[PDB]
Amino acid sequence: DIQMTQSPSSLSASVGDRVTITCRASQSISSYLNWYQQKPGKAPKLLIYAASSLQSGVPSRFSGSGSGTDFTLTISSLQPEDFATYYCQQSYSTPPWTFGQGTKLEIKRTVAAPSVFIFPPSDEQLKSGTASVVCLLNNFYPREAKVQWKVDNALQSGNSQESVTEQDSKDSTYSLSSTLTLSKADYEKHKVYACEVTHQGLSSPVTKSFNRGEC
Amino acid sequence: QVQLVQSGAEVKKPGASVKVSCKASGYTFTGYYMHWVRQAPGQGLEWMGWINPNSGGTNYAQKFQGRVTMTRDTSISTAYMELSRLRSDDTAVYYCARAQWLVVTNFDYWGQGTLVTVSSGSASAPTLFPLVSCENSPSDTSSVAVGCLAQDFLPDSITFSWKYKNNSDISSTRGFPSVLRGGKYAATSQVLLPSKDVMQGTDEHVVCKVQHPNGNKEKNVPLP
Ligand SMILES: *[C@@H]1O[C@H](CO[C@@H]2O[C@@H](C)[C@@H](O)[C@@H](O)[C@@H]2O)[C@@H](O[C@@H]2O[C@H](CO)[C@@H](O)[C@H](O)[C@H]2NC(C)=O)[C@H](O)[C@H]1NC(C)=O
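Here the protein sequences line up with chains L and H, keeping their order. Take 1 as the starting number for the first sequence in the authors' numbering and just add one per residue. Take 1 as the starting number for the second sequence in the authors' numbering and just add one per residue.
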């Protein structure tokens, strides 16, 4: 069984840079290496076959090089849509067909400040006995952000769940969705609900709020 | 127009078995090998086996030898993979992949995937609740954000689609990872509508649709 090892395991580059991912084999596999690209939430796609042959319809910025043990995928001019995990695969000693561990490509860009939106629980959901208050941060970079919920200027801890997206395929930015969860009762016991967002594109923390039922 | 369309996501208890399908189109099903590869959450790709859709022959990987079974039905050009005695380690996305060439075999067409979640929970379709924004200082020239909240759905195989009140599609789908809480998942989608459109328009709502393997659901989201 031939083990494929990719290097680096995570790579950062800005749009327009040359990217070079390496795949090494435990033992010679001649030109029997294929390169695939998996974009978040999608299935792998064949980019290169036979080490240096481009699958019809794949952009020409992708290129394969190599023979024997050391192989290299090269992206001449990285573009925002090349965000993905790239995998190499050997078809020389089959079975088993073996893949590399994967190289995640992270696109680096300039700072972008989030756009913040607070959303109060819906009347329907309130009739369910639950109350979810949402706070959305939109198109920001870098990924590091802080969402702090405050009910009646009371810092809330243990009731909020967050979820960050993957880099956008056009602007390479992130978005985030924090959600506070109270019981309909608990929600009907307080007045002001706010989220304060901290991000280095904001010159100071940005709070957005709403008043219970004043909506 | 080569395409491989797989079955839907499934939740199975430990010890159970699952059979996933892969309907092929756009080529001669019997002339190309069909492999199966799986991807655990966050981890890489793992070859499972192949089937010759013409002879019925199979070759599995030792890890799965004795627990997997790959079949085909050439009349419906479909391929099958049944994994039994399911364990948590088997929660993953199972893909079918066509292979080409006989020397440098390469998986040139892949499927969409089929999530299999091995858990103790039960499956449920989502419940949709709208999200309308209520700011302390609404600005006319700023874009208008509306949203949809899906709750209590399992497995996490939801697809949020949005449509205008005039039926046409909304290509502003902002999608966030689901969140697990209480054995069931919850997700949030957001659409940002230009001000040029909500100002100059008299549409009162936008429709949030969600597709889940245990029931598709819809909800109207008011347009402030
Ligand atoms: C369906 O509506 C879209 C958008 O309409 C505007 O936005 C809606 C949310 C609602 O407020 C409507 O009342 C508004 O009129 C139409 O897309 C627009 O089409 C025009 C001309 O093609 C273009 O100038 C706009 O920029 C488009 N805006 C967007 C966001 O696409 C679309 O044409 C409508 N479809 C049909 C069949 O009527």
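Backbone N, C-alpha and C fix where the C-beta goes; we use that ideal spot for every residue, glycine too.
Check: Report the option in L:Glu-81, L:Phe-71, L:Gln-161, L:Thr-98 whose CA atom is closest to the CA atom of H:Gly-44.; Outcome: L:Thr-98
Check: With burial defined as no fewer than 16 other Cβ atoms inside 10 Å of the residue's Cβ, what is the status of H:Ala-40: buried or exposed?; Outcome: exposed
Check: Are L:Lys-208 and L:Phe-117 touching if we call contact CB-CB under 8 Å?; Outcome: yes
Check: Counting pairs of Cβ atoms below 8 Å between the region 143-154 of chain L and the region 61-76 of chain L, do you hit three or more?; Outcome: no
Check: Hey, H:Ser-17 and H:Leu-86: beta-carbon distance below 8 Å or not?; Outcome: yes
Check: Considering residue 225 of chain H, what are the terminal residues of the alpha helix (DSSP H) in which it resides?; Outcome: Missing from the structure shown is residue 225 of chain H; chain H here goes from 1 to 224 and no further.
Check: Identify the residues that DSSP records as bridge partners of H:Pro-222: which are they?; Outcome: H:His-205
Check: In terms of residues, what are the limits of the beta strand (DSSP E) holding L:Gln-148?; Outcome: 146-151
Check: Identify the contact partners of H:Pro-177 in chain L, using a Cβ-Cβ distance below 9 Å as the criterion.; Outcome: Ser-163, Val-164, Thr-165, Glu-166, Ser-177
Check: Please say whether H:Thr-127 and H:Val-11 have beta carbons closer to each other than 8 Å?; Outcome: no
Check: Going by DSSP, which residues form a beta bridge with L:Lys-104?; Outcome: L:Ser-10, L:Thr-85
Check: Just the C-alpha distance for L:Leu-73 and H:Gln-6, rounded to the nearest angstrom, thanks.; Outcome: 30 Å
Check: Would you kindly work out how many angstroms separate the C-alpha atoms of L:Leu-105 and H:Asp-73, rounded to a whole number?; Outcome: 39 Å
Check: Heavy atom of ligand 1 less than 7 Å from the Cβ of H:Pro-194, yes or no?; Outcome: yes
Check: Taking the CB atoms as reference points, tell me whether H:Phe-107 and L:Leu-46 lie closer together than 8 Å.; Outcome: yes
Check: Please give the ranges of any beta strand (DSSP E) in the region 39-91 of chain L, keeping only runs that are unbroken, at least 3 residues long and fully inside the region.; Outcome: 45-49, 62-67, 70-75, 84-90
Check: Taking its Cβ as the centre, do 16 or more other Cβ atoms sit within 10 Å of L:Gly-158, making it buried, or is it exposed?; Outcome: exposed
Check: Measuring alpha carbon to alpha carbon, tell me which residue in H:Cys-134, H:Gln-112, H:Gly-113, H:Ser-124 is nearest L:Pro-120.; Outcome: H:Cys-134
Check: Alpha helix (DSSP H) containing L:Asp-186: first to last residue?; Outcome: 184-187
Check: Residues of chain L with CB closer than 8 Å to the CB of H:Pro-130, please, in chain order.; Outcome: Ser-122, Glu-124
Check: Go through its chain and collect everything with a Cβ distance to H:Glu-46's Cβ below 6 Å, but skip five positions before and after it.; Outcome: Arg-38
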